[PDB]
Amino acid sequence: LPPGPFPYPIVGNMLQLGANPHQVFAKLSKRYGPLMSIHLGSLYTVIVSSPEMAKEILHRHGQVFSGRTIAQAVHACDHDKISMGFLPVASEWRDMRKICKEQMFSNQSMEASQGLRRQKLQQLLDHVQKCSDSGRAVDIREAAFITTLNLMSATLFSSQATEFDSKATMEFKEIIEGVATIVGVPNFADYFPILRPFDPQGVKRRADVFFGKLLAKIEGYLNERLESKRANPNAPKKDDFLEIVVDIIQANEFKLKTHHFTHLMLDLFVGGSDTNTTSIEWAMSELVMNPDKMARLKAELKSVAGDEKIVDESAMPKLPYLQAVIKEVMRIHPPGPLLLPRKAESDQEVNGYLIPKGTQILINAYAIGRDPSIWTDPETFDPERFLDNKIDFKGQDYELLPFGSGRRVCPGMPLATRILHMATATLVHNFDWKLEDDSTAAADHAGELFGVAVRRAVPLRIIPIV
């Protein structure tokens, strides 16, 4: 087996992990190497911590390592048996991946929904403008969360509510927060198989409630669209993912049931929520903490957008510094620092070590992004490192893996980058910014809180200036 820290009876290595396990794993891998054994109680895990080993696991042996380790929480509403995020690579997963790549996240689809998203960007601008008038700080975590939910709702469901903090959006927010609280803490049933039939912390039961609420909402939207289409056969077609779902269901060419589609919408909605919210906040934190970089981005946006307040998504090729800024945020702050777990589908030798069937595989993208043998001055926020650099986060550069790579690489990437780029551009282009309170600025920026997505422990509060 790969080398690793001595595991104690019962607990294995769990007592050493602390509040930020990705940081502890990063330190440990400097000692034990880029394939490292970790015993999470009885859940045997191998941590992968170099571009070389990431390529061996995700690419060379990409089929063997194409499964997922499935948390007990994911059994909520039988999601484990239905979800593209957790099913093994087989016909159902392949069909859903095809629908995502060719239909939902196609260039045509993303382009068709730019208008839907533009409304939500305008609402963010309005919210910040009100704060600017009163000289009050913007809670960037809250504003990013609401904006992300709005942009996701707009794209998935054509939600066109005129209030920034609409009823539907705030209901989604409560559900997403609920999921995060449930899963952000260790479920002992994941680590001790004898506890699985007991659900001793009520994690699965509580997840049932929140997944159930999300599924009921999505089912309601689907039913409403089905009826509205039946009743209005001459109305123009909507430009959202729900329209695609209806058309696929009615064409009946896939061996998939209605529940595959509703659980798929659930995965897309949840998938894009905490990840984008935390990333927008980190982007703003980095830019405010590094004023020369804020100035360079503002200058780019001024030259391209001029007096226009809301940048067109189609202008992205004209904005290389904005692209570089977001690559650099992804390098330093991958929202899932250990990605999503993979699993060995069979015994496989890698670099002379046996990885047994069933092993949980965690790619420490955070460690790779901060490794000084890979990235010069890795703790420095330096978007210029990406200018005229072909390195990207699409999965082909094993130094930069915030969306993963190989078989299960993030399918929402085309929508995620539009959300990250446009929310960041909207905030930066339209206002100057200062910290509400800078007395502990450096500590506030450095301190992370582990969870579904890693976040700044102290929410970023910044005052917009005209």
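Numbering starts at 1 and runs along the sequence shown.
**Student:** Quick one: say whether 153 to 161 or 204 to 212 has the higher mean Cα B-factor in the deposited entry.
**Tutor:** The stretch with the larger mean CA B-factor is 153 to 161.
**Student:** If you take the mean CA temperature factor per stretch, which one wins between 431 to 439 and 55 to 63?
**Tutor:** Looking at the recorded C-alpha B-factors, 431 to 439 comes out higher on average.
**Student:** Using the entry's values, work out which of 127, 385, 343, 263 has the largest Cα B factor.
**Tutor:** In the PDB entry, the greatest C-alpha B-factor among 127, 385, 343, 263 is found at 127.
**Student:** Can you tell me which of 131, 194, 339, 268 has the highest Cα temperature factor in the record?
**Tutor:** Result of the comparison over 131, 194, 339, 268: 131.
**Student:** Considering every modelled residue of the chain and its Cα B-factor in the PDB entry, is residue 309 in the lowest, middle or highest third?
**Tutor:** Within its chain, residue 309 is a highest-third residue by C-alpha B-factor, going by the deposited values.
**Student:** Can you tell me whether residue 140 has a C-alpha B-factor in the lowest, middle or highest third compared with the other modelled residues of the same chain?
**Tutor:** Middle third by C-alpha B-factor.
**Student:** Thinking about Cα B factors across the chain, which third does residue 11 belong to?
**Tutor:** CA B-factor rank for residue 11: lowest third.
**Student:** Using the temperature factors of the C-alpha atoms in this entry, rank residue 300 within its chain: lowest, middle or highest third.
**Tutor:** Its C-alpha B-factor belongs to the lowest third of this chain's values.
**Student:** Check where residue 98 lands among this chain's C-alpha B-factors and tell me if it's the lowest, middle or highest third.
**Tutor:** Middle third by C-alpha B-factor.
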